[PDB]
Amino acid sequence: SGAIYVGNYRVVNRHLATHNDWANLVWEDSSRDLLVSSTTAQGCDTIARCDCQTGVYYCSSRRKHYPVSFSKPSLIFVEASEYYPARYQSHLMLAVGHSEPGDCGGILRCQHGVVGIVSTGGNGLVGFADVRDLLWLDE
Ligand SMILES: COc1ncccc1NS(=O)(=O)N1CCC[C@H](C(N)=O)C1
Ligand SMILES: [Zn+2]
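Residue numbering for the sequence shown follows UniProt numbering, beginning at 869 and increasing consecutively.
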């Protein structure tokens, strides 16, 4: 679990969005596993606008932060799950690191701000949904 809170927006994994997220929907994209809902309170986070390929993510299944080198956002094949059919997920960045399904929503940050959230994993890999190209989150 986990979300990004920026301005009057809440960014969550689309497969973990609640009834309240869908009732206050701003934008969603199944191919990216992202959903953004509106909030009444001002958020605590800020978004990186950079090309960093290293950073630190929070792993709830270890209660620890880990440093990572990750690939540039790209279209990657993701096996079928209870939430989606087998498909290509876009804007996904991979890194070597521990993750379990409940780790989705953990934030990946660099020195500039939030880069993305955990969205995929397995066999010593962890995949993050990028949010740096969503410029409208800042206005
Ligand atoms: C070890 O398993 C995981 N670890 C972290 C996050 C996720 C998994 N499991 S997953 O990649 O199969 N995943 C399951 C939930 C939906 C996700 C999606 N973005 O399509 C894909
Ligand atoms: Zn950066």
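Think of the CB as a built atom: it goes at the ideal place given N, C-alpha and C, for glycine as much as any other residue.
For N876, the secondary structure class from DSSP, reduced to helix, strand or coil, is coil. Restricting attention to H883, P953, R917 and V924, the CA atom closest to the CA of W1004 is found in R917. Screening all residues for a C-beta within a distance smaller than 5 Å of any heavy atom in ligand 2 leaves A916, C918, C920, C978 and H980, in chain order. A residue is called buried once 16 or more other Cβ atoms fall within 10 Å of its Cβ, and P935, having fewer, is exposed. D889: member of the alpha helix (DSSP H) spanning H887 to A891, first to last residue. Distance from the Cα of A997 is smallest, within the candidate group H980, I975, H933 and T908, for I975. For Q957, the enclosing beta strand (DSSP E) begins and ends at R955 to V964. Not a single heavy atom of ligand 1 lies less than 8 Å from the C-beta of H887. Membership of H883 in any beta strand (DSSP E) is not indicated, and neither H nor E is assigned to it by DSSP. DSSP places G995 within a strand segment (E or B) once states are collapsed to three. Contact between the segment 958–969 and the segment 978–988 is present, with at least three C-beta pairs closer than 8 Å.
Put simply, the backbone Cα of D971 is about 15 Å away from that of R977.
By the Cβ criterion, the segment 905–920 is in contact with the segment 880–892, since at least three pairs of Cβ atoms, one from each stretch, lie closer than 8 Å. When distances are taken from the beta-carbon of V879 to the heavy atoms of ligand 1, even the shortest one reaches 8 Å or more.
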